[PDB]
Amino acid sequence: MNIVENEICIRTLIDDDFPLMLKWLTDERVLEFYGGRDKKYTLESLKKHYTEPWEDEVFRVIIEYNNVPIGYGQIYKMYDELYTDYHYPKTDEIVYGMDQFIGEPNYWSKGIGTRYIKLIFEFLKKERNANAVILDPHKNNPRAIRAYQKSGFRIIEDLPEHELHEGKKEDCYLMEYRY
């Protein structure tokens, strides 16, 4: 995948990206909201994690802003494990999920995440005929939730004790965008 829209480039993750990703995912500012501050990656263990295979389609991408890599996304075709855990019914609809972080905190709350999401929405519509996109943020991450609401996602389910984060199972929302 490769998308360019003025300041933003979204492109496929390659092995050369992992040292900078290690910087992001050893940064306690970033880890508070993605992964958890108790994660202890090395370059090798991070690469192992981010090269684990997926049952169905996945896009792993790097987000660049003004020619500097600043974050990471993964965009994945929905699969049975997640349909089940989300209590989100499998239908004839084409559904994707997406996880992402901006690893440069100076680029938070400047609208870049919302620009990124909308570019992915457009890609999935034209390239995959997607009908819905879903994700599952922590209830106590309002910056993410508000970005997702700006982008068109709506809360559709409560997911109690959904995700272990820093030793505690955090309540989440299931949020859905339907074009």
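Sequential numbering from 1, following the sequence displayed.
- Comparing 92-100 with 75-83, the stretch with the higher mean C-alpha B-factor in the PDB entry is 75-83.
- Of all the options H138, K110, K47, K39, the entry's greatest CA B-factor is assigned to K110.
- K150: CA B factor lies in the highest third for its chain, per the PDB record.
- In the deposited entry, the Cα temperature factor of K125 sits in the middle third of values across the chain's modelled residues.
- Among all modelled residues in its chain, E32 ranks in the lowest third by Cα B-factor.
- Sorting the modelled residues of the chain by their CA temperature factor places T114 in the middle third.
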